[PDB]
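S.K.: Questions regarding the structure given below will be posed in turn.
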Amino acid sequence: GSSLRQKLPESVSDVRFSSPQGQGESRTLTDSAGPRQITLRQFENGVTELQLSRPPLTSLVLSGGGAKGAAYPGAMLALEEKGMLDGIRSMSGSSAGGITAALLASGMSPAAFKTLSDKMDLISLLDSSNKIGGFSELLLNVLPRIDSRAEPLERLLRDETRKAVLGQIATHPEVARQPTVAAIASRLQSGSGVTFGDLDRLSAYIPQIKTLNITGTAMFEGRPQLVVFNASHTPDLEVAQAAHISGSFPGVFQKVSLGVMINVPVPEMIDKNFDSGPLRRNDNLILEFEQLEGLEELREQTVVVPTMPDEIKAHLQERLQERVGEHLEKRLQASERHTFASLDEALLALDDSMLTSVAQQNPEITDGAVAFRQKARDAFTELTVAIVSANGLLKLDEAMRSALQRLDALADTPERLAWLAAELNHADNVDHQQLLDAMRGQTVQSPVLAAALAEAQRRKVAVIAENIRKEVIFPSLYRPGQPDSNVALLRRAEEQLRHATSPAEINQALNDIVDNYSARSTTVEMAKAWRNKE
Amino acid sequence: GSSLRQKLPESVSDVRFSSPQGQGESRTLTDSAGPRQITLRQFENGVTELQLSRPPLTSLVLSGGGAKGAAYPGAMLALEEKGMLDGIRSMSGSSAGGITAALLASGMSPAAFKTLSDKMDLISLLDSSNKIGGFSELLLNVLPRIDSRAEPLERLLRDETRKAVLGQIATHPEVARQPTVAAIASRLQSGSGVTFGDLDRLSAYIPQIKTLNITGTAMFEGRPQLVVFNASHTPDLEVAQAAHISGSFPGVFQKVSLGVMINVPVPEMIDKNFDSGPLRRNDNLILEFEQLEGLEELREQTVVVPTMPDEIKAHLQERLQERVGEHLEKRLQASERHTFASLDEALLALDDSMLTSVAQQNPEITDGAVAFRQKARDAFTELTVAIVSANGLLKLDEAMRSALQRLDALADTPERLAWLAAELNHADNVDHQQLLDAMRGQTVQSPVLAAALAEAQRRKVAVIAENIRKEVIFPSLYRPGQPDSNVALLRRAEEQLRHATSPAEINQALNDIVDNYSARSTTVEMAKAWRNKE
Amino acid sequence: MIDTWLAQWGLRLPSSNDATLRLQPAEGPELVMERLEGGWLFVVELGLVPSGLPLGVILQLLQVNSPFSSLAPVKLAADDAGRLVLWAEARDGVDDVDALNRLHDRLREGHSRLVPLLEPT
Amino acid sequence: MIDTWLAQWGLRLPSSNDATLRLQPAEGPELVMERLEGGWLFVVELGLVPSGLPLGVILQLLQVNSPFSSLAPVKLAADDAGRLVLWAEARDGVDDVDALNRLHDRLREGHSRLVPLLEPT
């Protein structure tokens, strides 16, 4: 449990390295295998070292502030220029960049976007010539109420987005014919704006449509609050509405009844996800103005660009172009290292593709691992046929037992049992989840199922903790008046919460706060409220 | 309040030495003046440094333990050999040395004592062939009850003491004729033992009779307790009884109803006294076995000697003789240094004698100080005539006012006002105390009286604190099981108490204890009891 | 000189060495050693500071940092996450095997002394 | 080199120097300097540790001792009497005027920051 910062002596007998560390000469088991250049080195004492190309660029995080979003098309060009704009599957922006990523997710081609930003850098500057639950669902519920429907910004975005999305639909007439798509474009042509729900729904068909996450931080009661608009929380709300709402510098709370601050801290946009193993699944290009994903690893993924005329804005679309150009080729020559305590552990860390690559190249190494993977993938289907045919009529019939028996047989080391449990936890997999939800709290014959169930509850507990961090801590932690004493307490509650494995530990987090926070009331209430609810 | 143990920087402007420290060349105002060799050096900036011979040897502290008190006559000889046994006015012993100093205070000449110790080193070894308020007045009240009157040790001591005292009385037939003495020796010849009350009463007449203090530490309830026998607490109790009681290694508590440990820590025997100034009034010869009077200053005054035959006991009476011989001549060539912030401050630190010596030698220096001393000594008599003639009939008549006016006139600097207050606080001076007791709590016209009264309450408060240290702290602090955490707390309560100037601060000391002591009950009760009483 | 301190357990400072190594001895606390400008930082973890400590315990904690403590030069602190830590600082040049062996022992001595003061709270 | 540190206030290290000197500047805490084997010990007093401190305060206290604190190398401790103390250690040889001037400032910075955390308790 690591340490974060920013007379003769009687002998100590024999001492190992608590982590795995290669000792002695290494042989190379597999050199550069596959698209992701898998290298395996193995040492005299077993320890296997994995080296592998940086993950695929699948995400774009756009940080807000200022008005300077006339530089933004610099990058956009740099992306299609080197041709990895296709490869993006997600876009995330706050404040001023909140609008920009809207435009882009909507499917606005690189050249298309620019001309708009050259009549936008007027508008973005003229809007600066203008200038229980939480403060999230009480926004999520205040929208349909007393808010002026469509402004100059809402209209313009509504249309920009609606053009891109509708345009892509046509270039791809193979998808246009699919019911659900043709349902969406008849909505769009009726005058409706693009939602997240469908930006999402369209990114599965066409790869030039991207998902959207717009983050923003609203002051209430001196206490900044995180607010998220994305496919999951605000699915049918319109992309235009949100990007404008998060245009609101500090914004009015309608007075509804019962470094600096404009920054949403970078890591509050990047997503928490449960990867089956120690491998990161993707990379972020983080554009900024002026598996704890650390400062140091985030720096590595962040390029930071250094009354506006029309030629200085070009300059800025060149400086950016060029930095976001060197990065992308450099990032192509850098790596990831992961150290394991055994070969099989490191073959477990690879997805089936990667495994298959190493296998092509050096089959002597992997035959065991491919054998195991094959049997697991079989047993997991076999188990799914069971779950489904049981709905035909909860009760673990024999067929599930048999497949759980087949899985139990594969878990002949602690490493593989862990892998088999995680595999059975994929939130995405409705049928497996169907079964874990059912055996929740139960004692089961099968070890694998027993693992999987425990793993499930750990996750349940982690989201609860994460929710509390976001709504009891985050607001206090960044209250401007906050005496350092108070900050110390909460920076500690965060630590407690990070490592919380059981509801009881979560309770203790909150009590530490109730017992020790000096109103020097609300945070304390807030906490009390979390402590009593299930 | 001292510490006990065992980017450009923005400037700090002008900084003095918080204590006085001589800076620059010194002149010598007065070289070796008088019996006590007074030297005054004065520096360019005013600071006057005093150097003076170590104080008179007036006290003998005898530490207990073992049976090895057959070495003791080594020193006794060394004392009369160099001839400073006369000069002793006090004797203080614990455990095994508790007997020894009894014998000596009783007036037993050096040679006399030895022959006894050569039939005592049998007896002292045969007794090892044998082997609200507090545990102090419940001893002080358990004595006259169910205790076997006179044992072999009680008898032998009763007589040794009674011989010496009665013998001295005769050699000095000028005192024998005085009523009070002739009252005491008719008691002694009647079969009564020597008390403290009279050992005291006789030391004023004859200088070969010494006072006695016997300290001892009794375990009760695992909790060691300090117990004192002296002229003030147990005046009429017999010297013999006590020295035997404190012969009791750990001793039985009759079961009456409602480094190591045998050591009474050295400083619990040496006396707390309120000297009018920064000068120590006397020295201790501390014999040990194996104005915070510090470790370091106590070391300086402590010489530490390194089935018993009769010739090895001689050896020991020679080793001691010789060390207690080198000491006494060395101590004669060592000094005391005191630094003051002005001449007059250092002339204030001298008693009238010392003053008079410096005056003989360098009258230009002192005329002012002798002028002031003369007028103070006059005004203090003048005030005493007032107090007394008022008893003739509480109410400050004019005559007291006049003398208080004369004193107020002398206090023309903060240093002298302090001196004048302390002078008026001499506990020994019944008439002054008569007046301070009367104006207690009152607001008075005279500044000097206002000082004196404040000074009085400070002292009242210090004895209370000292009492608590001795009976709430001391017992817990040296409980054998005591976890260091607990020790830290009390070592701190001691600190609080040391610096306590008002009853309110004393209350807080005790609360710190109630609030923070882990029974890991009694100390806490004990404290509660002190906190409620006036 | 660190590498010869290691050497005595038949361990060797691992190639491509980065930030933090962690040694776990057969008895007692894990030892975390970061690496610095010109020296290593040894550290031992004692858990998150507990709520409701009694004064005396607080005191015994603070007293670990007196320049005269029996544990010198080991220091007691908390990291930014509120985790109570004993640490010392081994410099290249200055220190050597015997000296590192001392640091280590003083850390284990500090850890055993204090560790029961927190738990029972 | 201490004597030339002194010199800048027109003070001079007093002859027949013994254990403890005490400097009182025109603003701010008194500075106690004991003398050691081959160096001086600067110390600043913050009062006796209070009873009933809240956790966060305890934490901010402990955090003063992280090897990375803005006050390094000044340390926070309590003496045997339970008195809360900031101290640093100036060696002969190593340190000099500019360096001693730093220690001093870090002590005053530490004292002003913390001193209000105790009083109001």
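Chains as they are written, first to last, in the working numbering: chain A, 17 to 550; chain B, 17 to 550; chain C, 56 to 176; chain D, 56 to 176.
No residue lacks a Cβ here, since even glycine has one placed at the ideal position from N, Cα and C.
(1) Where does the unbroken beta strand (DSSP E) through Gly-102 (chain D) begin, and where does it stop?
(2) Note the first and the last residue of the continuous beta strand (DSSP E) segment covering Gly-109 (chain A).
(3) So, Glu-431 (chain B) versus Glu-361 (chain B), is the Cβ gap smaller than 7 Å?
(4) Can you tell me which of the three DSSP states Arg-146 (chain D) falls into?
(5) Between which two residues does the alpha helix (DSSP H) carrying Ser-492 (chain B) extend?
(6) With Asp-47 (chain A) as the anchor, note down where its beta strand (DSSP E) starts and where it stops.
(7) Apply the 10 Å Cβ neighbour rule to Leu-303 (chain A) and answer buried if 16 or more other Cβ atoms are within range, or exposed otherwise.
(8) Helix, strand or coil, according to DSSP, for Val-477 (chain B) in the structure here?
(9) Going along chain B in order, which residues have a C-beta closer than 9 Å to the C-beta of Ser-106 (chain C)?
(10) Which residues in chain C sit within 9 Å of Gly-93 (chain D), going by Cβ to Cβ distance?
(11) If the cut is a Cβ gap below 7 Å, which residues of chain D does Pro-25 (chain B) touch?
(12) Since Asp-147 (chain D) meets chain C, which of its residues come closer than 7 Å, beta carbon to beta carbon?
(13) Helix, strand or coil, according to DSSP, for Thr-116 (chain A) in the structure here?
(14) Looking at the ligand SAH, does it come within less than 6 Å of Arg-146 (chain C), judged from the CB to the closest heavy atom?
(15) Find the residues of chain C that neighbour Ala-504 (chain B), judging by a C-beta separation of less than 7 Å, and give them in chain order.
(16) Could you name the residues of chain B that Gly-137 (chain D) contacts, counting a contact when the two beta carbons are closer than 7 Å?
(17) Which parts of the segment 182–240 of chain B are runs of the beta strand (DSSP E), unbroken and 3 residues or longer, counting only runs that do not cross its ends?
(18) Name the two residues that bound the continuous beta strand (DSSP E) containing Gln-67 (chain B).
(19) Quick one: does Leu-215 (chain B) have its CB under 7 Å from some CB of chain D?
(20) Within 8 Å, do at least three Cβ pairs link the segment 77–96 of chain A to the segment 146–156 of chain A?
(21) Give a yes or no on whether the minimum CB-CB distance between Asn-527 (chain A) and chain D is below 7 Å.
(22) Determine, using beta carbons only, whether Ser-71 (chain C) comes closer than 7 Å to chain D.
(23) Which word fits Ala-87 (chain A), buried or exposed, when buried means at least 16 other C-beta atoms lie within 10 angstroms of its C-beta?
(24) Using the rule of at least 16 other Cβ atoms within 10 Å of the residue's Cβ for burial, across every protein chain shown, is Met-124 (chain B) buried or exposed?
(25) Residues of chain A with CB closer than 7 Å to the CB of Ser-121 (chain D), please, in chain order.
(26) To which residues of the same chain is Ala-438 (chain B) closer than 7 Å at the C-beta, ignoring the five residues directly before and after it?
(27) Which residue from D:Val-99, D:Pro-109, D:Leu-91 and D:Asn-72 puts its Cα closest to that of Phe-123 (chain C)?
(28) Give the DSSP-derived three-state secondary structure of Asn-246 (chain B) in the structure shown.
(29) Taking Cβ positions only, does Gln-79 (chain C) come closer than 7 Å to chain A?
(30) For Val-280 (chain A), would you say it is in contact with chain C, using Cβ-to-Cβ distances shorter than 7 Å as the test?
(31) Quick one: residues in its chain with C-beta nearer than 8 Å to the C-beta of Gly-107 (chain D), no 5 flanking neighbours on either side, listed in chain order?
(32) What are the start and end residues of the alpha helix (DSSP H) that includes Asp-453 (chain B)?
(33) Can you pull the chain D residues whose beta carbon is under 8 Å from the beta carbon of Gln-37 (chain B), in chain order?
(34) Mind checking if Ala-132 (chain D) is an interface residue toward chain C, Cβ cutoff 7 Å exclusive?
(35) Quick one: grab the DSSP three-state call for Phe-356 (chain A).
(36) Look up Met-88 (chain D) in the DSSP assignment and say whether it is helix, strand or coil.
M.R.: In terms of the structure at hand:
(1) 94–103
(2) 106–110
(3) yes
(4) strand
(5) 490–493
(6) 42–49
(7) buried
(8) helix
(9) Here the premise fails: no neighbours, minimum Cβ distance about 15 Å.
(10) Result: empty, since nearest Cβ-Cβ is about 14 Å, beyond 9 Å.
(11) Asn-156, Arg-157 and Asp-160
(12) Within chain C, no residue comes near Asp-147 (chain D); the closest Cβ sits about 16 Å away, beyond 7 Å.
(13) helix
(14) Judged by which ligands are present, the structure shown has none, so any question about the ligand SAH falls away.
(15) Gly-111, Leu-114, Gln-115 and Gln-118
(16) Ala-504, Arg-507, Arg-508 and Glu-511
(17) 227–236
(18) 64–69
(19) no
(20) no
(21) no
(22) no
(23) buried
(24) buried
(25) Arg-21
(26) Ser-292 and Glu-471
(27) D:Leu-91
(28) strand
(29) yes
(30) no
(31) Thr-176
(32) 446–454
(33) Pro-69 and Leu-76
(34) yes
(35) strand
(36) strand
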